[PDB]
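Heads up: the protein sequence lines correspond to chains t, I, 7, v, 4 and 1, in order.
Residue numbers 23 to 72, 87 to 179, in the authors' numbering, belong to the letters of the first sequence in order.
The authors' numbering puts the first residue of the second sequence at 20, with every later residue one more than the last.
The authors' numbering puts the first residue of the third sequence at 2, with every later residue one more than the last.
The authors' numbering puts the first residue of the fourth sequence at 2, with every later residue one more than the last.
The authors' numbering puts the first residue of the fifth sequence at 10, with every later residue one more than the last.
The authors' numbering puts the first residue of the sixth sequence at 9, with every later residue one more than the last.
Think of the CB as a built atom: it goes at the ideal place given N, C-alpha and C, for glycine as much as any other residue.
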Amino acid sequence: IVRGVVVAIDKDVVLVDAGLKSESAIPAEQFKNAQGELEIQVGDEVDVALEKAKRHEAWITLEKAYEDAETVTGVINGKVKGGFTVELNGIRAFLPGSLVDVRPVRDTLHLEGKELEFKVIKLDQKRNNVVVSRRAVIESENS
Amino acid sequence: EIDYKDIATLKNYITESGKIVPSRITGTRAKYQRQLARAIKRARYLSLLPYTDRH
Amino acid sequence: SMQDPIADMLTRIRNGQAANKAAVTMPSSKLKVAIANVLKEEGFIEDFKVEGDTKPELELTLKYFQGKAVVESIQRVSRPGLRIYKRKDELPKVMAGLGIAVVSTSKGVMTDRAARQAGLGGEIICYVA
Amino acid sequence: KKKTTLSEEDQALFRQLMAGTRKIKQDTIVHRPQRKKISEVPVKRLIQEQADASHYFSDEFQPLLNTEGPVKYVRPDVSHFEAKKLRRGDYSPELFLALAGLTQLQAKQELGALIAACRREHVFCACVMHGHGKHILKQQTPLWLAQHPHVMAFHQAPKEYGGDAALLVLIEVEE
Amino acid sequence: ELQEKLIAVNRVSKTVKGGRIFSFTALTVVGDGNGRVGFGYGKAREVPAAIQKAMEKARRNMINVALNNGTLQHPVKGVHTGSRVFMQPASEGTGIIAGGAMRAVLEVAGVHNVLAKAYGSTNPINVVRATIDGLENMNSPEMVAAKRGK
Amino acid sequence: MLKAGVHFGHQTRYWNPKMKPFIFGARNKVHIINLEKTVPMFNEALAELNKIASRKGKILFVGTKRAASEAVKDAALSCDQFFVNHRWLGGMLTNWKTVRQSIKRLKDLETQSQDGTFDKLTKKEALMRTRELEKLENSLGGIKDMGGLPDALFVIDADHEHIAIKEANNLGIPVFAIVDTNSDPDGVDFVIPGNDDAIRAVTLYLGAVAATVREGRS
RNA sequence: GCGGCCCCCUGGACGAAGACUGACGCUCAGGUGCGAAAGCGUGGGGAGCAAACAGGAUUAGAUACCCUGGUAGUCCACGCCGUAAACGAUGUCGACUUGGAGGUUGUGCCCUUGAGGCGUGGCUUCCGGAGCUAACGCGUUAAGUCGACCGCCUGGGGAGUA
Numbered sequence: 023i024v025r026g027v028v029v030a031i032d033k034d035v036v037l038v039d040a041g042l043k044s045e046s047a048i049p050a051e052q053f054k055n056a057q058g059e060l061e062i063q064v065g066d067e068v069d070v071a072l087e088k089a090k091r092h093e094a095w096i097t098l099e100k101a102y103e104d105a106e107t108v109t110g111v112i113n114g115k116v117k118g119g120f121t122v123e124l125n126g127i128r129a130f131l132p133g134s135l136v137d138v139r140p141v142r143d144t145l146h147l148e149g150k151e152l153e154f155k156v157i158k159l160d161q162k163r164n165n166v167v168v169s170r171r172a173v174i175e176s177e178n179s
Numbered sequence: 020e021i022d023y024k025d026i027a028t029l030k031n032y033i034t035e036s037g038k039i040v041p042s043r044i045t046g047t048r049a050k051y052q053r054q055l056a057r058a059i060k061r062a063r064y065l066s067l068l069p070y071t072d073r074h
Numbered sequence: 002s003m004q005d006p007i008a009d010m011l012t013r014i015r016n017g018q019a020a021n022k023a024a025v026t027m028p029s030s031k032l033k034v035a036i037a038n039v040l041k042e043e044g045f046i047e048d049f050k051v052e053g054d055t056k057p058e059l060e061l062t063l064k065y066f067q068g069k070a071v072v073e074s075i076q077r078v079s080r081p082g083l084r085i086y087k088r089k090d091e092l093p094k095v096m097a098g099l100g101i102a103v104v105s106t107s108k109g110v111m112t113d114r115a116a117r118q119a120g121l122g123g124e125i126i127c128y129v130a
Numbered sequence: 002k003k004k005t006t007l008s009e010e011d012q013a014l015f016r017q018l019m020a021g022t023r024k025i026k027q028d029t030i031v032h033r034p035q036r037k038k039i040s041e042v043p044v045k046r047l048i049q050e051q052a053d054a055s056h057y058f059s060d061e062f063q064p065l066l067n068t069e070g071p072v073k074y075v076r077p078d079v080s081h082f083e084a085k086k087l088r089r090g091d092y093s094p095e096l097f098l099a100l101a102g103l104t105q106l107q108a109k110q111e112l113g114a115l116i117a118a119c120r121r122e123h124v125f126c127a128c129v130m131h132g133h134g135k136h137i138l139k140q141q142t143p144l145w146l147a148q149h150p151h152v153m154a155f156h157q158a159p160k161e162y163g164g165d166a167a168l169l170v171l172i173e174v175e176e
Numbered sequence: 010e011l012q013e014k015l016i017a018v019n020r021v022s023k024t025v026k027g028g029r030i031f032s033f034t035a036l037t038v039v040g041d042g043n044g045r046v047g048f049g050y051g052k053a054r055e056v057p058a059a060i061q062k063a064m065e066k067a068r069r070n071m072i073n074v075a076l077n078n079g080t081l082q083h084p085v086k087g088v089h090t091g092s093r094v095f096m097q098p099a100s101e102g103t104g105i106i107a108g109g110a111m112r113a114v115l116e117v118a119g120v121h122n123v124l125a126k127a128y129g130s131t132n133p134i135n136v137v138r139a140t141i142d143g144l145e146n147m148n149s150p151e152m153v154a155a156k157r158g159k
Numbered sequence: 009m010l011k012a013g014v015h016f017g018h019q020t021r022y023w024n025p026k027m028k029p030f031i032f033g034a035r036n037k038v039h040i041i042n043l044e045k046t047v048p049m050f051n052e053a054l055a056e057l058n059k060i061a062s063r064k065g066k067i068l069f070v071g072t073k074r075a076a077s078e079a080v081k082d083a084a085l086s087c088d089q090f091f092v093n094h095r096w097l098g099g100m101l102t103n104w105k106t107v108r109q110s111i112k113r114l115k116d117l118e119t120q121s122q123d124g125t126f127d128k129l130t131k132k133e134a135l136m137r138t139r140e141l142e143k144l145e146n147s148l149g150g151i152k153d154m155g156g157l158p159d160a161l162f163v164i165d166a167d168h169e170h171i172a173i174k175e176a177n178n179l180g181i182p183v184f185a186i187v188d189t190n191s192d193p194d195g196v197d198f199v200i201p202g203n204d205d206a207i208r209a210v211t212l213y214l215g216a217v218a219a220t221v222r223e224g225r226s
């Protein structure tokens with residue numbers, strides 16, 4: 023996280039001072055509200071944590101979607117003890133092995149390396165995480 | 020990697036048709052790609068893994 | 002293998018002058034300190050310093066007059082493949098006297114001026130131009 | 002003597018502020034360029050000035066000079082009274098240039114050198130001797146001089162400085 | 010007091026679309042007669058334009074030489090491209106006795122009585138370039154004594 | 009005079025070994041210039057640069073990268089001095105001859121522009137001519153009132169403006185450069201190890217230089 | 001030159017700390033050894049491929065390219081041959097001389113707070129500085145700066161032939 027001040031604002035480009043060898047440049051996409059305007063001015067002390089970085093402060097635009105069960109896309113990449121970490125829009129998800137691993141009938145190797153579409157019901161902005169549902173198994177397994 | 024009897028691990032490092040995956044894909048530093056491949060081949064001799072998917 | 006440590010010394014000084022090196026270290030010996038004392042005496046190096054106890058290390062602080070380097074061309078004359086022993090009459094002057102030639106005479110390691118004045122020739126080690 | 006500077010302790014404090022261990026200590030041989038001479042004026046610079054000044058002397062371009070009377074010229078924007086002062090001899094030349102016997106090409110170079118010298122040395126008035134000729138230096142040189150931006154005015158020199166065989170030239174100098 | 014002289018004029022060619030096109034190259038050396046030697050190449054479509062560009066380039070790009078009384082100081086070897094060149098001061102070793110294209114640069118250089126012998130290639134464009142390099146890295150007894158203290 | 013406040017060095021990438029005497033060089037892969045070496049260097053540059061500025065000389069600030077503009081226009085124009093802020097034309101010092109007649113065309117076209125016949129005879133060609141004044145005005149901007157080739161040169165980046173340094177070395181003009189750790193002290197007579205691409209650093213930096221150019225005994 | 005996997009016999013290299021010998025080193029004419037492929041000898045083997053060969057085409061012709069077959073050979077054991085654009089067209093050994101990005105294989109230190117950070121070796125790839133070079137390029141693995149020893153060159157052809 024970096025705390026900087028806005029000094030130069032030329033349409034489509036915002037210049038923030040941090041104190042390194044160069045001053046960062048932030049695209050207006052991070053400072054734009056839901057109405058279609060800006061929310062800052064020259065002389066304002068804003069926050070900026072570094087387009088593979090603007091997502092950290094762009095997920096705030098996906099709240100109005102998770103309020104009505106917004107279907108998204110992700111892929112498993114991490115695995116521990118009964119816990120699965122999925123990269124959903126760049127947010128680690130939680131999937132217990134309650135149904136993932138139980139009563140093995142055959143070669144259950146279709147887990148590590150699967151790329152389907154999952155559904156979300158509840159989101160946690162307090163733990164910067166998004167736990168996946170359970171009943172949505174009827175869509176991810178065989179869509 | 021060092022071991023060949025753990026065919027869960029070996030089965031991750033192999034494609035759907037029995038072929039060894041390149042380290043260009045899976046990361047796997049070259050020492051462990053060599054141990055890996057040699058372990059895959061020892062496992063294919065024991066019929067723990069398949070040589071192909073048309074046996 | 003190392004078979005001519007003197008030419009190795011002069012190589013260290015040519016490549017130190019050529020790389021604007023401030024100082025040059027090498028393994029040390031009696032003959033290298035004799036030559037180095039002649040070079041300091043004649044003004045081609047700034048100083049030398051032999052350190053170490055069991056493995057001595059000669060260190061030559063080099064000279065640079067302007068941006069240019071002082072030691073313009075140092076050559077090894079009496080190499081091991083073919084040794085060159087001149088008399089007091091055959092004893093050469095380098096750059097028509099503007100540049101000494103370090104000759105090992107029986108009285109010690111001298112220059113060409115000093116050994117032609119001493120009246121005795123010897124084994125001509127190196128041209129410093 | 003060492004120049005006034007922040008205290009060594011202050012420098013250490015700056016080092017302390019430096020995040021991390023934050024110290025660089027690479028040691029390498031250092032070479033320092035020799036200080037430029039106060040006099041300066043290298044021959045190459047002089048040659049360059051000469052070339053720059055002579056660049057204005059075109060053989061194809063002929064400024065309209067007064068055909069009636071002694072040769073004279075005043076640059077647009079300069080007081081016409083300056084040419085009159087030259088004629089009366091109010092100006093005493095500090096530099097003298099003799100062109101007689103030179104080829105046109107040599108003369109142009111020398112003229113350029115003269116103008117460069119006047120500027121460098123803050124000489125405002127110079128005398129140019131071209132001799133007498135038909136379709137020669139006597140005629141071509143005034144035309145070349147007019148084309149030069151630093152030439153303010155010139156007039157046929159008084160008898161004391163060569164008369165009809167010479168020109169007094171006023172040169173614009175930064176003071 | 011300029012003392013200019015031309016060494017070599019040649020006809021080079023280009024070979025365009027319709028036939029060939031022939032150009033002329035001069036190679037001159039100027040010098041005052043007391044150090045101060047320059048050479049210039051210059052090339053143009055006719056011969057007098059070529060020599061004039063050569064003189065005009067040679068009047069600038071002029072180098073100092075530390076002469077002796079009327080001659081060189083110590084024997085010096087200058088090399089350029091394929092052209093290796095020896096010179097020997099010849100302390101009043103009368104007359105400039107140098108090869109072609111070296112006699113000229115040594116003549117306008119102001120030296121009078123050296124001994125030369127060019128080796129290797131003896132292309133005139135590279136045998137000067139191997140005389141100036143040569144006369145440039147020849148230093149005087151007040152320069153060597155300046156360097157090494159005394 | 010004031011201690012360099014906020015730049016502390018930069019350029020992790022393409023660093024140059026000839027900048028090895030000037031580097032403290034620790035943090036996070038990036039190189040830190042030893043500013044305890046910069047302060048005597050920069051005070052020397054102010055010393056000789058004030059020395060030629062007091063002899064009534066011309067200085068020519070060089071500011072092609074952004075945002076050295078309009079900071080070089082502000083700093084050069086705060087003095088009675090000259091600048092290049094857009095693309096430095098290859099050869100405005102070493103053939104200033106030809107650049108003299110381009111400056112002459114800029115003067116004749118602005119005199120023709122705001123006073124004389126600008127609305128005369130055409131609209132399209134008049135628009136053509138005005139945008140010739142934009143092109144000749146932003147390229148030959150500061151240098152248009154010089155009338156000589158200058159007595160010093162002050163460049164703001166040594167590798168980005170290597171052409172101007174190469175020409176001022178070709179002509180015997182003292183080059184005053186703020187080098188960074190990627191740059192090379194070519195023929196820069198008065199090197200200053202600093203930071204080339206921080207606007208705080210170049211406004212502080214040109215502030216000091218423009219301060220000492222017009223410094224007056226009064 | 002060596003490419004599945006396993007066993008047996010075996011050579012070298014490199015790294016870490018310490019101990020030991022104490023110049024035992026470097027190069028090398030003659031000499032000796034190893035030396036792709038094709039080839040040769042004796043005895044096996046022979047699936048594929050394939051000089052030769054045969055047929056079909058193509059073509060003016062086609063003793064070729066293309067097609068269909070196809071023997072020696074390629075494979076094994078032992079012996080011979082002794083050569084290649086056997087090539088980094090770059091002899092071996094040692095020393096010194098600015099840099100950058102990698103690869104590969106060791107090792108030490110630090111919160112290992114991970115797929116890290118800092119070093120220190122061995123081998124190797126690409127680009128480049130000075131320098132060198134006819135140029136092209138080489139460029140700490142030199143074609144730079146030196147030393148030791150060896151091999152070889154001296155216009156093209158005839159001729160690497162008699």
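Reference residue 97 (chain 4), options 80 (chain 4), 91 (chain 4) and 108 (chain 4), closest by Cα:
What you label residue 97 (chain 4) is simply residue 88 of the fifth sequence in a count that begins at 1. Minimum Cα distance to residue 97 (chain 4) is reached at 80 (chain 4).
**Message:** So for residue 130 (chain t), helix, strand or coil by DSSP?
**Reply:** Locating residue 130 (chain t) in the first sequence gives position 94, where the first residue counts as 1. Strand, per DSSP.
**Asked** Using 9 Å as the limit for Cβ to Cβ distance, is residue 165 (chain 1) near chain t?
**Response** Position 157 of the sixth sequence, counting from 1, holds the residue named residue 165 (chain 1). So, not an interface residue.
* Asked: Between the Cα of residue 69 (chain 4) and the Cα atoms of 59 (chain v), 153 (chain v), 47 (chain v) and 150 (chain v), which residue gives the shortest distance?
  -> On the fifth sequence, position 60 is the one that residue 69 (chain 4) refers to. For the residues 59 (chain v), 153 (chain v), 47 (chain v) and 150 (chain v), the minimum Cα distance to residue 69 (chain 4) belongs to 47 (chain v).
Problem - Contact set for residue 213 (chain 1): own chain, Cβ-Cβ below 7 Å, skip 5 residues either direction - result: Taking the sixth sequence and counting its residues from 1, the one referred to as residue 213 (chain 1) is at position 205. Same-chain partners within the cutoff: 186 and 202.
At which residues does the beta strand (DSSP E) containing residue 201 (chain 1) begin and terminate? On the sixth sequence, residue 201 (chain 1) is found 193 positions in, with the first residue counted as 1. Start and end: 198-201.
Output the boundary residues of the alpha helix (DSSP H) element that contains residue 147 (chain 1).
Stepping through the sixth sequence from its first residue, residue 147 (chain 1) is reached at position 139. Segment 132-147, the alpha helix (DSSP H) holding residue 147 (chain 1).
Practice task
For my contact list, residue 154 (chain v) and residue 87 (chain v) are in at a C-beta cut-off of 8 Å; report their separation, rounded to the angstrom.
Solution key: Taking the first residue of the fourth sequence as position 1, residue 154 (chain v) is located at position 153. Taking the first residue of the fourth sequence as position 1, residue 87 (chain v) is located at position 86. At roughly 6 Å, the Cβ-Cβ gap stays under 8 Å, so residue 154 (chain v) and residue 87 (chain v) are in contact.
* To do: Can you pull the chain t residues whose beta carbon is under 9 Å from the beta carbon of residue 14 (chain 1), in chain order?
  => Within the sixth sequence, numbered from 1, the residue matching residue 14 (chain 1) stands at position 6. Simply 41.
Item to check | Touching by the beta-carbon criterion (3+ pairs, under 8 Å), the region 133-144 of chain 1 and the region 81-96 of chain 1 | outcome: no
Near residue 13 (chain 4), what residues of its chain come up, given a Cβ to Cβ distance below 6 Å and the 5 sequence neighbours on each side ignored? The residue labelled residue 13 (chain 4) in the question sits at position 4 within the fifth sequence. These residues qualify, in order along the chain: 39 and 64.
Q) Across which residues does DSSP place residue 28 (chain 7) in a beta bridge pair? A) Looking up residue 28 (chain 7) in the third sequence gives position 27. DSSP, once it has assigned bridges, lists 58 (chain 7) as partnering residue 28 (chain 7).
field: 8 Å CB neighbourhood of residue 83 (chain 4) in its chain, flanking five on each side removed
entry: Within the fifth sequence, the letter at position 74 stands for residue 83 (chain 4). 98 and 147.
Going by DSSP, name the residue or residues bridged to residue 32 (chain t).
Position 10 of the first sequence, counted from the first residue, corresponds to residue 32 (chain t). Its beta-bridge partners are 35 (chain t).
Practice prompt. Just tell me which of 80 (chain 7), 81 (chain 7) and 121 (chain 7) has its CA closest to the CA of residue 91 (chain 7).
Written response: Locating residue 91 (chain 7) in the third sequence gives position 90, where the first residue counts as 1. Closest option to residue 91 (chain 7), Cα to Cα, is 121 (chain 7).
Please classify residue 52 (chain t): does DSSP put it in a helix, a strand, or coil?
As a first step, residue 52 (chain t) is located in the first sequence; it is residue number 30 there, counting from the start. Looking at residue 52 (chain t) - three-state DSSP - the assignment turns out to be coil, as it is neither helix nor strand.
So, helix, strand or coil for residue 55 (chain v), using DSSP?
For the purposes of this step, residue 55 (chain v) is taken as residue 54 along the fourth sequence, with counting starting at 1. Helix at residue 55 (chain v).
(message) Can you confirm whether the region 47-67 of chain 7 touches the region 18-31 of chain 7 when touching is taken to mean that 3 or more C-beta pairs between the two stretches lie within less than 8 Å?
(response) yes
Item to complete: Starting from the Cα of residue 37 (chain t), find the closest Cα among 172 (chain t), 144 (chain t) and 68 (chain t) and give me that residue.
Response: As a working mapping, residue 37 (chain t) is identified with position 15 in the first sequence. Nearest option by C-alpha distance: 68 (chain t).
- [ ] Kindly confirm or deny that the region 62-79 of chain 7 and the region 13-23 of chain 7 touch, where touching means at least three C-beta pairs closer than 8 Å.
- [x] yes
Self-check item: First through last residue of the beta strand (DSSP E) which encompasses residue 19 (chain 4)
Solution: On the fifth sequence, position 10 is the one that residue 19 (chain 4) refers to. That run of the beta strand (DSSP E) goes 19-22.
Using the Cα positions of residue 125 (chain t) and residue 70 (chain t), report the straight-line distance between them to the nearest angstrom. Within the first sequence, residue 125 (chain t) is the residue found at index 89, counting from 1. Within the first sequence, residue 70 (chain t) is the residue found at index 48, counting from 1. For residue 125 (chain t) and residue 70 (chain t), the distance between alpha carbons rounds to 19 Å.
Task: Positions along the region 30-42 of chain v whose CB lies within less than 7 Å of some CB in chain 7 - done: Result list: 30, 32 and 35.
Compute the Euclidean distance between the alpha carbons of residue 137 (chain 4) and residue 25 (chain 1), then round it to the nearest angstrom. Here residue 137 (chain 4) refers to the residue found at position 128 when the fifth sequence is read from its first residue. Here residue 25 (chain 1) refers to the residue found at position 17 when the sixth sequence is read from its first residue. Their backbone Cα atoms lie some 37 Å apart in a straight line.
request  = Could you pull out every unbroken alpha helix (DSSP H) segment of at least 4 residues lying fully inside the region 68-132 of chain 4, listed in chain order?
outcome  = 112-117
Self-check item: Interface positions of the region 130-160 of chain v facing chain 4 (Cβ-Cβ less than 8 Å), listed along the chain
Solution: none
Based on DSSP bridge pairs, tell me the residues matched to residue 13 (chain 4). Taking the fifth sequence and counting its residues from 1, one reaches residue 13 (chain 4) at position 4. DSSP, once it has assigned bridges, lists 39 (chain 4) as partnering residue 13 (chain 4).
Query raised in the report: What does residue 49 (chain 7) pair with, by DSSP beta-bridge criteria?
Result: Along the third sequence, one-based indexing puts residue 49 (chain 7) at 48. According to DSSP, residue 49 (chain 7) bridges with 61 (chain 7).
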